[PDB]
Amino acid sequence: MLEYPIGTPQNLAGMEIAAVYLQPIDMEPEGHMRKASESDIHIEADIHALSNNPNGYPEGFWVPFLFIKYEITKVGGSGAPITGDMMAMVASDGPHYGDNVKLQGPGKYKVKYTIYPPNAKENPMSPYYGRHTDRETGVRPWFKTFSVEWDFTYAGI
């Protein structure tokens, strides 16, 4: 699949956190994404386990049941961020966290993701995902909510 990377990936808590963007998409169920015709991009968080991930994920596996909030700010604009929540979904290249976003024209932007673990109060998927805690098959506790930032230049795609 064809995508545009936003900066360089960041490694935190045995996970690789990468930011990418593409053209606005169409998704099932309908009515969750902002219509493709009213958006500029599909913003995406690519989260995969690294070697020796402490939550039992083999290397390169998708990290599931996370909750991602984003804030996008145009450099030299109003000063008010474009905010939203991502949603977990699958595309031709595999599962990810994404959202159709309307930007504020060509320019430099700051992108911030707030990544919530599966047990966070803010994560709506918390009652649906568990973690083994016994000695023989258990894993380490979940990481705590954290934020990651990148810069990028948007020209129009």
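Start at 1 with the first residue shown and count on from there.
The stretch 123-131 shows the higher mean C-alpha B-factor when 123-131 is compared against 41-49 in the entry. The PDB entry reports B-factors from which the mean C-alpha value can be compared for 26-34 and 96-104; the larger average falls on 26-34. When the modelled residues of the chain are ordered by C-alpha B-factor, residue 147 sits in the lowest third. Compared with the other modelled residues of the chain, the Cα B-factor recorded for residue 54 ranks in the highest third. Looking at the C-alpha B-factors along this chain, the one for residue 18 belongs to the middle third. Sort the modelled residues of the chain by CA B factor and residue 87 lands in the middle third.
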